Amino acid sequence: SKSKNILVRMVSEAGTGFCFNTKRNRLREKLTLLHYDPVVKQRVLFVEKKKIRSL
Amino acid sequence: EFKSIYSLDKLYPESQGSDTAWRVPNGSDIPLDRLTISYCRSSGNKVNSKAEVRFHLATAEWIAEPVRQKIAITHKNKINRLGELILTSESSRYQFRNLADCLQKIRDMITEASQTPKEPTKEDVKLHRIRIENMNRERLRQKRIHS
Amino acid sequence: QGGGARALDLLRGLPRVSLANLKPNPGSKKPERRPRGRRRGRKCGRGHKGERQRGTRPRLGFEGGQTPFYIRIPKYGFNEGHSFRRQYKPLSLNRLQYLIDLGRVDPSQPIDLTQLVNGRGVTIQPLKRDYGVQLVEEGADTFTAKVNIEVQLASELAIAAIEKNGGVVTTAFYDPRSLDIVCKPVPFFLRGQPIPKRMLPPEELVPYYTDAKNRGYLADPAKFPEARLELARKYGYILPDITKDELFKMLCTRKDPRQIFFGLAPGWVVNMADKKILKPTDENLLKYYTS
Amino acid sequence: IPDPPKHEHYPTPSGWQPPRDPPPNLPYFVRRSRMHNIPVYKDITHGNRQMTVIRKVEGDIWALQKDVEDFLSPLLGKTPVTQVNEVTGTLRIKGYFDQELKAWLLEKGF
Amino acid sequence: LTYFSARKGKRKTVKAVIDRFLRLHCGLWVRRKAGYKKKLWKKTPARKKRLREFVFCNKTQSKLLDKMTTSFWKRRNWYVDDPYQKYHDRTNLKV
RNA sequence: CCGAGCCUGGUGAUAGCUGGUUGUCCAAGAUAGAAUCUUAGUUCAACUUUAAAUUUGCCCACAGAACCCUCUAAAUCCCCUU
RNA sequence: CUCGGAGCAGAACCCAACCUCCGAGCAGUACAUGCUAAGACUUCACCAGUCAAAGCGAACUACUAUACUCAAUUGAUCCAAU
Ligand SMILES: [K+]
Ligand SMILES: [K+]
Ligand SMILES: [K+]
Ligand SMILES: [K+]
Ligand SMILES: [Mg+2]
Ligand SMILES: [Mg+2]
Ligand SMILES: [Mg+2]
Ligand SMILES: [Mg+2]
Ligand SMILES: [Mg+2]
Ligand SMILES: [Mg+2]
Ligand SMILES: [Mg+2]
Ligand SMILES: [Mg+2]
Ligand SMILES: [Mg+2]
Ligand SMILES: [Mg+2]
């Protein structure tokens, strides 16, 4: 049960405070995705802020 | 009578006199007398009630002349043979609310015609195939050989 | 006609009614069931052994050991703070018009919470976190009456129906203590207590009563005309001028926000045995019952 | 309870109408309640059995059953199921006919 | 359950039912789904959609919950601007 | 009758375990299963009983329900009519 | 000792043994795996679980795209952290 991947928290850069959790490989740089933000109703950049747990 | 610190005269000293809240201001966009109103049950069992409103468009002089002509083009499908503009509403049980909706439709007609909006609004999806149908009906058109 | 006498002329020939020949109406007394005899004896309906026959069943809700149904469901605040929410018994315009057509509520005098209770129009339960009545719009089309009613809540359409016929509607706040006194005054006059001044509404409810659109009793009287005209334009009715009416003096009549009843200032002690009213003269008491 | 005031036009905005004067010369009579309304009520038991009750019936109550069975049969297409209680002077009918019977009893002036 | 209290001699109410369920005057009981806040990262949007829905209970459950509560919780309330006010009465229901 | 005395009291201790459970007469009435420190028990369902409301239920004609595959099974499901 | 596939159980569903065999307690790709909503299936109860038209909003003029591949690939309530 080696924890290959981890659960992280992606925060929007629009300042809306909207965030979602995604899965990424441990040995990898922090993610910068382009996810949909329902507050502003358009796709916006997200960034990994903090790790939740080890999958 | 009894008076307390929280009396209206003390709270609002610039509003004295009993006949201060019941004075109809004398300083009138839609006159009711110039409108024909009807109430009738709809699909009765259906709960909602219907309130019809009709009035002659041209004879009515409480609307700007250019607006009448602008309204007799846009809402030409709501005009009968005689010339009356009909406005129904059956989205409530109470005749009050149904009449309020019809009256507000008139205030919206006089604003659209006066705003003169010429902005490129979004095209409807149901009207996108008619634009193609009409376009292709013009390239079938022909000119007389000898005009 | 015939049936009434048939049952009394037929009683003339029968024996005298007495304590012997009485019986209950059939179908009103089921037979008692006792654990005796072959049918109902022996095990006596309890079954054979187990916890069933010995009367040691587990509590209600116990499912035999697996996490019960009422415990495996998460908690949600459906009823969080239910004892501190305000309730208002609805009063429909159909009900009000029905009370007026029967004489149970007279429209010639101001209609308040007391007159409605005295006419059995509503039933307020102050101990059940009731704060008054809310005037609802049901029966607005058929409503035809000119009244001066005071209700703690009122909808925008109910106001229009009363202001269309030439009436006046006002919204006032009664605290739980005053609400019990306004509904049942007589039981309060038997306590030998002076009439108390009602309190102001909580901070959250001040906007509602300080607004003219809700016909608030703490609102600016100068803003009512413009608000009365809006409903007329919106709902298509001609705003009548009540100043011309003869009942105008009665419609304007309103009680001081610190007042409970009409013509009875706070501080007085009603004496029902002698039909007299006692008023304090102490300079300090007068200032307490006037502020 | 106060007696209802006299009105110029009947029925009133609420729909109340006073009884006819004199009383109709029928074998039976249905008097008003203490609140001056027709005594026709809806009853229900077991969550599925809908009934209608006519109380405060004086005189021959079997003639009222005949008049009701002759007035409701067209609406149903069949003779309605009723129950008569001579003791209590009550008529009990299967089904909801509250508004239909209140108007029919007003035409007779009860 | 306590059928007869030792001080008042009356039936008591189970407060574990009041913190989880809502009773409509008609007789229906509304609840949440078990697990609508647990491990949302491994569940699908469709499953999460029906997990945060307020659902009804059955006859056997509702009869039990009515026995575990007193008559005070079955009365008709007139709260101001209640989100469930329209659900306290049934419409066009037969049998 | 000391693996821990006797008496009284708390005490009508508790016991999913055993035993017992008192007049007459008629009627309907044998039950897939799931969970459970649970299989000597209980709760839900199923069966069973009573009252009520309503309209279909049982029996069943064609047509119709898979390839991969070893017994090319007895049959079932669905189903108007009757 | 929970979960899944096959046989026993041949053809709708269901079916046991300290019966016979093989497996699971993940991984990978996306980042609209966004919101919402008719109608339905359901491991014989409940709990849980499952499939979904239309619609909003996106994408799109190529991608068998508009409920990802994958068989199981999992853990209620209270409580704690925030
Ligand atoms: K027996
Ligand atoms: K027996
Ligand atoms: K034995
Ligand atoms: K046991
Ligand atoms: Mg025994
Ligand atoms: Mg046993
Ligand atoms: Mg009843
Ligand atoms: Mg014992
Ligand atoms: Mg037998
Ligand atoms: Mg356990
Ligand atoms: Mg067992
Ligand atoms: Mg058949
Ligand atoms: Mg099932
Ligand atoms: Mg779709």
Side-chain angles (χ1 to χ4, degrees), chain C residues 24-30 61 63-74 95 98 120 123, chain D residues 30-57 61 64-65 68 72 76 80-105 110, chain E residues 21 23-36 43-44 46-67 70-77 88-95:
Chain C
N25 198 23
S28 68
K29 294 193 180 312
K30 302 179 56 185
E63 298 183 338
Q66 86 173 0
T67 307
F69 168 75
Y70 77 101
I71 293 294
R72 66 184 306 99
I73 298 305
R95 180 66 169 176
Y98 164 83
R120 284 64 170 189
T123 308
Chain D
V30 187
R31 64 161 68 190
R32 300 286 188 97
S33 64
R34 70 185 58 213
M35 321 298 312
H36 311 286
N37 305 290
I38 305 291
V40 172
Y41 313 96
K42 293 191 308 167
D43 199 17
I44 188 175
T45 70
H46 304 89
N48 60 2
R49 169 183 253 183
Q50 303 171 354
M51 293 160 293
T52 302
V53 187
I54 310 182
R55 281 168 31 85
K56 321 203 75 182
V57 175
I61 191 176
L64 174 59
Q65 177 194 29
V68 169
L72 290 182
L76 295 185
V81 187
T82 75
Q83 184 209 6
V84 182
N85 201 340
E86 283 191 332
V87 181
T88 71
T90 49
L91 188 63
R92 187 179 298 270
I93 300 167
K94 173 180 283 192
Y96 283 163
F97 303 105
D98 180 45
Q99 302 302 300
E100 312 184 2
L101 287 172
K102 285 183 175 174
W104 179 68
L105 293 180
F110 289 123
Chain E
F21 306 87
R23 189 193 189 271
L24 308 174
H25 194 261
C26 54
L28 293 177
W29 289 84
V30 182
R31 65 167 180 91
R32 279 286 213 166
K33 300 288 292 185
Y36 78 103
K43 293 167 182 170
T44 65
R47 180 178 172 186
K48 288 185 299 193
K49 207 289 189 182
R50 51 176 169 261
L51 274 180
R52 55 178 182 267
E53 283 181 342
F54 299 74
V55 298
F56 292 108
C57 308
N58 61 30
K59 177 58 181 180
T60 296
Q61 289 166 355
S62 298
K63 189 182 305 180
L64 175 70
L65 297 181
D66 280 355
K67 294 181 185 300
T70 53
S71 305
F72 170 89
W73 305 94
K74 301 184 179 65
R75 70 187 302 272
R76 179 175 289 281
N77 295 307
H88 289 294
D89 282 294
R90 302 300 296 275
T91 65
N92 304 323
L93 181 60
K94 294 180 60 180
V95 176

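Every chain is numbered from 1, with letters handed out A, B, ... down the list of sequences. For ligands, and for the atoms within them, numbers begin at 1 and follow the listed sequence. FYI, side chains are in, hydrogens and waters are out, and symmetry mates aren't considered; it's all heavy atoms of this structure.
- A cation-pi arrangement is absent between E:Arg31 and E:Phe54 under the rule of less than 6.0 angstrom and at most 45 degrees off the ring axis.
- By the salt bridge (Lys or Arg N to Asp or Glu O under 4.0 Å) test, E:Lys67 is found to be paired with no residue, residues two or more places apart in sequence or in another chain being considered.
- Atoms NZ and CG, on E:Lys74 and E:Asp66 in that order, are 4.5 Å from each other to the nearest 0.5 Å.
- Below the 2.8 Å limit, the Mg ion (ligand 7) has as protein N, O or S neighbours D:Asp43 OD1.
- Of the candidates D:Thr45, D:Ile44, D:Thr82, D:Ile93, D:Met51 forms a side chain to side chain contact (heavy atoms under 4.5 Å, CB included) with just one, namely D:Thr45.
- In this pair, E:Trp29 and E:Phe21 present their aromatic rings perpendicular. The plane angle is above 60°, beyond the 30 to 60° band.
- Distance check, rounded to the nearest 0.5 Å: CZ of D:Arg49 to CG of D:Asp43 gives 10.0 Å.
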